[PDB]
Novice: 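I have a structure I would like to understand better, so I am pasting it below and will then ask my questions one at a time.
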Amino acid sequence: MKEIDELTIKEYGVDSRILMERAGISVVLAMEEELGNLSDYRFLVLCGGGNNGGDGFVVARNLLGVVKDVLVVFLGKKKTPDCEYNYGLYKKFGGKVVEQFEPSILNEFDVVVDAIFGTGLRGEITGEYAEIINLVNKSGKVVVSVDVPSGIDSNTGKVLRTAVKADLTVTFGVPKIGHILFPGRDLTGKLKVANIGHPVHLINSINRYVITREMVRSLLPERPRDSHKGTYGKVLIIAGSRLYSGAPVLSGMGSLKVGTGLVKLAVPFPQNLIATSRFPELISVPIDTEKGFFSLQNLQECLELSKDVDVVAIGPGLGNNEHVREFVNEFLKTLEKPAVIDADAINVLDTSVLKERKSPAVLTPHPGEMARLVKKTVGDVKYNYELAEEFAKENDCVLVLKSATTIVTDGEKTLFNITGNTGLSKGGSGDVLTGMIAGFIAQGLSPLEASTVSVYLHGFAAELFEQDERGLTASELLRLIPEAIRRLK
Amino acid sequence: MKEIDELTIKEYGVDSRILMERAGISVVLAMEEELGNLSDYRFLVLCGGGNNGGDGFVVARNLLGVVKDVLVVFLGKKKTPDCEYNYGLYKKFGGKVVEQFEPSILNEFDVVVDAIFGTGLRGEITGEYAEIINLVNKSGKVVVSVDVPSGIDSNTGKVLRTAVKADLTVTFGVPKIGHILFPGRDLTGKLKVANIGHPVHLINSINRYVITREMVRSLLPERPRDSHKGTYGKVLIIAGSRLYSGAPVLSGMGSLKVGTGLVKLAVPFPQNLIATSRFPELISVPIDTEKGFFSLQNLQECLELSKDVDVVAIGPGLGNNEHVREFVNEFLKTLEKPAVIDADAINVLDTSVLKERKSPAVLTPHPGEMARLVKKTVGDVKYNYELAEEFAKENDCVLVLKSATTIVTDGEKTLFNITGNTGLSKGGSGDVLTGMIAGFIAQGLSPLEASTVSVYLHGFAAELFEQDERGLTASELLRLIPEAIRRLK
Amino acid sequence: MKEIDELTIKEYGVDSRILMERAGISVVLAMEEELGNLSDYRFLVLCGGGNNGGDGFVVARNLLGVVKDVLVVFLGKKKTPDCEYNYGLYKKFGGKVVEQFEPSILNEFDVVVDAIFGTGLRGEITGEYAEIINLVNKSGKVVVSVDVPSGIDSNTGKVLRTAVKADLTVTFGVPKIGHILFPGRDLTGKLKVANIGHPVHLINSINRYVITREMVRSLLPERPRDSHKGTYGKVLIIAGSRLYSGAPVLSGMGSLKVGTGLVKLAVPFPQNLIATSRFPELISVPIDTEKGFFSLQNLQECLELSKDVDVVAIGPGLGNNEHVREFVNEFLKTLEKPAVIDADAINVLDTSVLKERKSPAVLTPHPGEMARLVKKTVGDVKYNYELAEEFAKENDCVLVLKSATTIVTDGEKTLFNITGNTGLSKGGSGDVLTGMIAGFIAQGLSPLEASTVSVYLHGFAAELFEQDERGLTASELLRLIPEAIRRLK
Amino acid sequence: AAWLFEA
Amino acid sequence: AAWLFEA
Amino acid sequence: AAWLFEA
Amino acid sequence: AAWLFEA
Ligand SMILES: NC(=O)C1=CN([C@@H]2O[C@H](COP(=O)(O)OP(=O)(O)OC[C@H]3O[C@@H](n4cnc5c(N)ncnc54)[C@H](O)[C@@H]3O)[C@@H](O)[C@H]2O)[C@@H](O)CC1
Ligand SMILES: NC(=O)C1=CN([C@@H]2O[C@H](COP(=O)(O)OP(=O)(O)OC[C@H]3O[C@@H](n4cnc5c(N)ncnc54)[C@H](O)[C@@H]3O)[C@@H](O)[C@H]2O)[C@@H](O)CC1
Ligand SMILES: NC(=O)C1=CN([C@@H]2O[C@H](COP(=O)(O)OP(=O)(O)OC[C@H]3O[C@@H](n4cnc5c(N)ncnc54)[C@H](O)[C@@H]3O)[C@@H](O)[C@H]2O)[C@@H](O)CC1
Ligand SMILES: Nc1ncnc2c1ncn2[C@@H]1O[C@H](COP(=O)(O)OP(=O)(O)O)[C@@H](O)[C@H]1O
Ligand SMILES: Nc1ncnc2c1ncn2[C@@H]1O[C@H](COP(=O)(O)OP(=O)(O)O)[C@@H](O)[C@H]1O
Ligand SMILES: Nc1ncnc2c1ncn2[C@@H]1O[C@H](COP(=O)(O)OP(=O)(O)O)[C@@H](O)[C@H]1O
Ligand SMILES: [K+]
Ligand SMILES: [K+]
Ligand SMILES: [K+]
Ligand SMILES: [Mg+2]
Ligand SMILES: [Mg+2]
Ligand SMILES: [Mg+2]
């Protein structure tokens with residue numbers, strides 16, 4: 001993005017003042033769209049000394065004469081050249097500027113435009129800057145942030161001591177990672193992405209994308225009329241234990257509800273019988289076990305069951321103990337099919353095994369399992385997309401790191417998912433996702449594509465729940481999945 | 001309340017006649033609201049000699065000239081000063097008063113205003129007073145009671161020999177306990193609470209409240225966007241036996257449907273498998289038992305399962321025998337987590353154990369289990385809020401005493417719940433409640449708050465059932481819970 | 001306007017490239033608004049070598065990558081600096097430019113953007129430029145003109161040999177006279193006025209305005225509740241003859257329908273009786289005449305009738321002969337009230353009389369009467385706002401020159417009216433207007449204000465006619481007037 | 001609509 | 001809805 | 001209606 | 001609805 005602006009000025013030849021003008025007017029238009037007619041409102045524009053503030057000056061100047069009142073509070077010391085220019089325009093146009101903030105000031109304005117810091121923020125905000133942000137946050141006024149709410153680090157989404165909470169953020173060219181990852185995602189409020197005149201080839205060159213409806217629509221496999229269950233693939237899910245008899249059911253149904261032709265579960269007897277008593281469509285193979293858990297004595301039966309399926313999912317509700325550990329690593333070492341490795345299969349996994357595998361793999365950890373997997377803290381891995389990138393690349397796999405914003409990466413391409421809600425914050429929801437991913441691989445999507453489509457549809461199904469989200473359970477989510485698919489087209 | 005009137009006159013300085021005027025006109029306005037234009041109706045006002053009757057005289061006087069007909073039947077001997085004053089006003093204004101009731105009289109009137117007795121009722125009603133109340137009750141006329149239907153003891157809700165059955169009750173300042181507890185709640189009909197000019201600080205000073213929509217809305221925990229199942233807590237439910245394989249399922253789902261992140265049941269094998277066959281989202285741990293019931297041999301397994309959960313519910317469908325008794329009391333004595341103690345765990349409980357506990361507890365008895373618990377009759381404990389108060393305070397716990405009006409108390413604060421209907425009068429409904437309470441504790445509400453929110457939402461879900469209430473079952477109630485939550489906001 | 005751009009660059013400091021960028025993007029946004037999503041369309045941008053063409057290059061460049069196809073046909077020889085700059089940007093961005101137009105080219109495009117000439121057009125278009133405009137006009141494609149359709153002289157509305165016919169014109173800052181006067185008004189199609197960043201004080205400084213709904217709403221006199229016919233004024237209308245018995249009725253009703261309190265007509269007997277037989281509310285004074293026309297023998301009767309009225313309208317249907325001439329000029333010379341001089345009173349008027357008058361006057365000629373009045377051809381005066389200005393100023397009057405676009409001027413302020421339709425192209429419609437103007441003067445609006453409000457409301461009433469406009473008659477128009485007023489607020 | 005009455 | 005355009 | 005903004 | 005107020 002810094003790249004993008006520079007190239008658009010330096011190689012394409014667009015005057016930096018023109019980009020700055022387009023930036024500011026796009027903020028005005030976004031506010032009009034969100035607030036209706038702007039002439040009834042009084043606007044307090046907060047401008048730093050950088051180009052974020054310059055953008056602010058453009059906004060203030062364009063409100064002059066058209067709205068009830070404009071005031072700029074200039075908070076910087078030095079001004080960049082474009083900020084200086086635009087400051088001089090605002091003044092020539094008759095705009096009033098002050099240099100000291102008095103708490104009482106929010107009293108006489110309806111909208112605060114936050115142009116203090118954007119992508120040029122470095123390190124923590126303190127001093128006057130922090131007080132003013134805390135005042136704005138306590139004011140209950142409408143807050144529109146220019147580019148990113150001031151205080152959010154645009155590369156990570158972290159709050160640098162304190163940050164503005166916006167009702168509306170107008171960002172330029174492309175969403176920034178700090179709009180996408182929390183807490184920043186929360187502080188952004190409603191996000192508008194404005195076209196300010198970058199050539200389209202530059203906008204498209206960016207390595208990380210948010211997963212969209214259009215991308216997922218184009219990835220959904222085709223349903224030829226002359227087809228049968230074989231057309232849509234077979235999944236084996238190796239799952240469950242005597243502690244967890246339900247997980248396998250949720251995974252298997254996740255596969256069926258996204259359109260897989262045939263799903264076989266392998267589950268310790270008698271827990272395997274639980275699946276068909278809820279959903280008779282599922283096939284649930286009883287695996288004879290010594291203590292209610294998969295072990296090495298079951299290895300050959302499972303490789304045999306895997307011989308004429310398209311994909312194998314393993315992990316949900318297996319339990320984490322040494323017999324499971326032995327079994328999972330020998331299985332994965334010998335299985336020459338794509339694998340979706342989840343849950344307790346991740347908790348026992350030996351990552352050397354992923355390197356010596358010829359067939360592909362998707363790993364689906366929440367941060368707690370990722371932390372354990374790479375031997376780091378939850379805090380070190382949460383939302384750490386570069387870490388996920390390095391791991392996907394080292395181990396020749398797709399890593400789906402699950403959280404309110406899920407990261408899907410293969411080490412080259414990284415995608416962020418922003419669908420879903422807190423109804424998914426409840427056990428079972430991940431077990432469903434695993435089945436969805438395995439299912440899309442069975443139907444012919446690549447691992448990365450299957451994962452992109454699945455995370456998106458899984459979150460969208462949760463949002464379609466009719467009642468309060470907190471009451472959503474995994475069984476209900478399964479039922480919403482084909483509605484999500486329909487609404488997708 | 002007697003306190004309240006006295007202080008409003010004696011310390012704040014509001015003339016008692018003014019309070020009485022505001023009382024009476026609030027009755028007129030409440031009737032207009034309920035009946036439409038009052039001028040088509042004929043009103044028979046029944047006035048005792050107390051201030052309830054004085055309030056009646058204010059009503060009658062204010063109807064003079066505006067309605068088809070007013071008649072007062074004055075039933076008292078002496079009059080209090082404000083009743084005397086208002087009697088004299090009614091007469092000066094031209095109102096007609098008689099002193100003898102003739103059964104034939106109800107014939108020529110449409111509305112009976114019942115101002116015979118309010119909070120000054122002492123002991124049983126007999127003699128003329130009883131006959132007249134029984135006549136009014138047989139008349140099929142519209143009955144509006146001033147303050148409380150005459151015959152209801154305003155401190156308990158008991159009928160003192162006989163009582164008026166009202167279509168509408170207008171009470172002053174705050175609801176009286178006798179409007180809230182049955183039978184009085186039934187005899188009150190539709191209740192309006194009128195502001196007659198008490199200062200608000202006095203109205204708010206009252207120790208007992210009815211649980212309202214607004215109170216429950218403010219107590220619902222937050223759902224931060226960046227969250228996961230851990231954010232919303234973990235519950236262990238120790239439940240079931242070979243006699244009762246279903247109870248644990250209803251408790252576990254009750255927890256999940258109010259937004260708990262993770263629910264583990266511990267249930268004797270093979271009954272534990274019943275839970276996941278209905279709801280695979282649940283985790284149901286098989287507990288190995290000798291005869292199909294928890295005993296001391298299971299104590300250590302359960303303490304272990306309790307180590308990284310937030311709350312433990314125990315009791316639903318455990319069975320009541322000596323092995324269960326030993327197990328429950330040793331468990332609760334050692335468990336250092338908040339406990340929700342229900343059902344058969346209450347039936348075996350040794351209350352010394354609650355005193356020696358450092359962690360908190362909520363007990364959820366119906367009157368039959370409370371009676372047994374304190375060794376009294378059902379009749380002695382039913383609706384006995386002072387008894388519940390004393391028990392909560394002695395044992396350092398929250399007591400939720402369940403009935404059509406549920407009492408929630410911690411010995412200091414007492415709350416009454418008035419949502420729900422007879423569809424909850426059917427096995428399973430309590431087992432659901434236990435899970436709901438455990439769930440809200442898991443999410444961070446205090447025991448008392450979790451219980452307040454739960455009793456309210458549980459009754460409101462029952463009322464949302466689409467078909468006749470009597471056909472409601474606990475499974476359907478679970479499905480209604482997230483609708484209740486949504487309607488709450 | 002040339003003034004405006006220059007000052008905005010040279011004194012306010014706005015880079016001319018920035019104004020040009022805002023110009024072009026405002027064209028893109030106006031097209032999106034009018035056409036919906038632009039990505040389905042192919043655009044042929046026609047660029048001259050001036051700044052109009054530069055604006056075109058901005059448009060083309062901003063469509064690159066977002067729409068099906070862009071092509072520029074560059075038609076100029078030299079480029080101005082901003083056109084050169086923007087040409088270079090379009091190319092860098094990957095835009096394709098050709099320099100020769102092939103008739104077959106319109107075939108493969110859906111929208112022609114016309115940026116050949118704007119306000120820099122000088123003299124007639126011939127050569128390649130004319131052929132290309134004639135091709136576009138024969139193509140049936142959607143045509144969007146940048147600033148003004150190429151070929152319209154922006155100061156007069158004249159076509160310079162040939163001109164583009166647009167579906168949409170996006171003009172910058174303010175409407176140009178050439179959008180307002182015909183034929184240019186016709187060639188403009190739907191007109192959008194874009195804010196490109198001129199300071200508002202400059203935009204407002206312009207001497208000529210289009211009459212708007214908001215201006216007319218603020219001018220409508222107040223209707224105090226405690227009022228009577230005297231509050232709203234009295235009008236005398238001196239009108240009619242034995243040739244024209246209807247004109248006076250239409251004028252008198254025009255006065256009443258805009259809210260005048262009292263209208264007296266003076267009309268030769270027996271023609272005066274026609275008025276009250278249609279509208280009995282009118283007062284119609286029989287004037288005794290020798291041959292059916294006003295003459296000098298009626299002068300004193302009319303001055304007498306004028307003594308306690310607020311305004312006098314004279315002219316509609318008087319007839320044009322020497323007795324009328326003598327009478328009108330002696331009357332106007334002596335009448336010391338505001339006069340509305342219309343129709344045959346204009347045809348006989350001696351303009352020296354307007355100079356020697358102390359009281360005010362509004363003249364309401366169509367071009368045929370203006371031509372005669374200043375002794376010029378219809379062609380010389382039609383839409384000649386400078387001529388009208390000079391005449392209003394020389395004679396101390398308001399001149400309302402009537403046509404599809406009516407000019408209202410007092411020599412300092414000139415207003416253009418753009419309401420109305422061809423249903424007003426039918427006798428009687430002017431006679432109604434005269435009464436409307438006299439009425440608003442009677443109610444207290446200045447001559448210029450009365451005329452501004454009247455021309456607007458008169459055209460708006462015609463547009464409210466329910467059936468085909470061509471069937472509208474003056475009687476129906478009278479009925480629509482109070483609907484126009486209501487819709488105005 | 002709540003100054004006089006609460007339900 | 002009037003900052004950019006007047007009709 | 002998408003030239004300026006994407007949501 | 002007319003005991004308190006007439007309009
Ligand atoms: N119905 C069922 O049968 C269910 C079984 N489940 C199974 O239970 C087993 C254990 O899975 P768990 O995820 O509970 O525990 P894990 O042991 O795999 O997770 C490690 C710890 O990380 C923490 N954690 C979880 N999500 C986190 C997040 N988003 N951010 C930070 N920390 C987080 C948890 O507190 C957990 O204790 C798996 O086999 C899983 O399939 C779960 O899917 C729950 C539902
Ligand atoms: N589906 C299931 O598995 C169910 C199991 N249940 C379990 O059955 C066991 C016994 O519970 P119960 O309540 O039946 O019996 P309890 O032995 O706990 O109750 C004692 C007696 O009190 C009486 N009683 C119940 N509610 C009363 C009230 N509101 N007022 C006055 N008296 C009342 C009953 O007649 C009952 O016989 C518990 O473990 C409970 O969890 C019940 O929840 C019913 C549903
Ligand atoms: N119902 C009636 O009694 C009517 C009587 N009318 C009266 O008829 C008399 C003569 O008025 P006229 O306007 O017919 O003729 P005038 O003699 O005043 O007009 C001179 C000529 O100019 C031409 N002309 C009219 N409008 C023109 C325009 N917009 N552009 C160019 N040329 C135009 C006409 O061809 C007309 O012959 C007036 O006293 C007028 O009040 C007219 O108002 C028609 C209705
Ligand atoms: N607040 C939230 N917003 C969006 N998605 C969520 C949220 N909480 C959880 N999820 C999604 O729910 C699923 C949780 O998976 P996992 O943590 O494996 O839990 P489980 O094993 O409990 O099924 C993931 O897809 C995760 O990204
Ligand atoms: N008529 C009623 N109105 C409102 N609530 C009721 C009614 N009958 C029962 N309930 C509620 O239903 C639940 C019954 O719980 P409990 O008596 O423990 O029965 P169970 O063990 O049968 O589930 C309690 O919350 C109680 O207050
Ligand atoms: N096509 C048109 N569009 C708008 N207004 C029109 C049109 N034709 C005529 N008018 C209006 O109708 C009225 C005609 O007045 P006038 O020419 O004095 O005719 P008359 O004497 O026939 O009543 C004027 O207000 C004129 O501006
Ligand atoms: K900012
Ligand atoms: K009473
Ligand atoms: K043009
Ligand atoms: Mg999981
Ligand atoms: Mg119970
Ligand atoms: Mg005319």
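Proteins come first, then strands; the chains are lettered A, B, ... in the order of their sequence lines, and each starts at number 1. Both ligands and their constituent atoms are indexed starting at 1 by order of listing.
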Novice: Between A/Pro316, A/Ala404, A/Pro365, flag the one that comes closest to atom 4 (C) of ligand 4 by a heavy atom.
Specialist: A/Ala404
Novice: Of the protein's non-hydrogen atoms, which lies at the shortest distance from atom 3 (N) of ligand 4, and what is that distance?
Specialist: A/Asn421 O, 3.3 Å
Novice: Report, rounded to 10°, the angle at the K ion (ligand 9) between the two atoms O (C/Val146) and OG (C/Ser150).
Specialist: 170°
Novice: Against ligand 4, does A/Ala343 come closer than 4.0 Å with any heavy atom?
Specialist: no
Novice: State whether C/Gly118 contributes an N/O/S atom found under 3.4 Å from the K ion (ligand 9).
Specialist: no
Novice: Which option, B/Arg225, A/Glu369, A/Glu463, owns the non-hydrogen atom nearest atom 1 (N) of ligand 4?
Specialist: B/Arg225
Novice: Give the numbers and elements of all ligand 4 atoms closer than 4.0 Å to a heavy atom of A/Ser425.
Specialist: 1 (N), 2 (C), 7 (C), 8 (N), 9 (C)
Novice: I'd like to know: is the K ion (ligand 9) within the 3.4 Å range of an N/O/S atom from C/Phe117, strictly under that distance?
Specialist: yes
Novice: I'd like the name of whichever of B/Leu262, A/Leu433, A/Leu424 reaches closest to atom 10 (N) of ligand 4 through any heavy atom.
Specialist: A/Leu424
Novice: Does B/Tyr232 have B/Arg223 sitting over its ring (NZ/CZ under 6.0 Å from centre, angle to axis within 45°)?
Specialist: yes
Novice: Can an N, O or S atom be found in C/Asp114 less than 3.4 Å away from the K ion (ligand 9)?
Specialist: yes
Novice: Taking only heavy atoms of A/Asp431, which atoms of ligand 4 are found under 4.0 Å from at least one of them?
Specialist: 23 (O)
Novice: Would you tell me which option among A/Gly430, B/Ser227, A/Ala474 has the nearest heavy-atom contact to atom 23 (O) of ligand 4?
Specialist: A/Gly430
Novice: Heavy atoms only: which of B/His228, A/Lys402, A/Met436, B/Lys229 lies closest to atom 21 (O) of ligand 4?
Specialist: B/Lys229
Novice: Does ligand 4 have any atom sitting under 4.0 Å from a heavy atom of A/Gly459?
Specialist: no
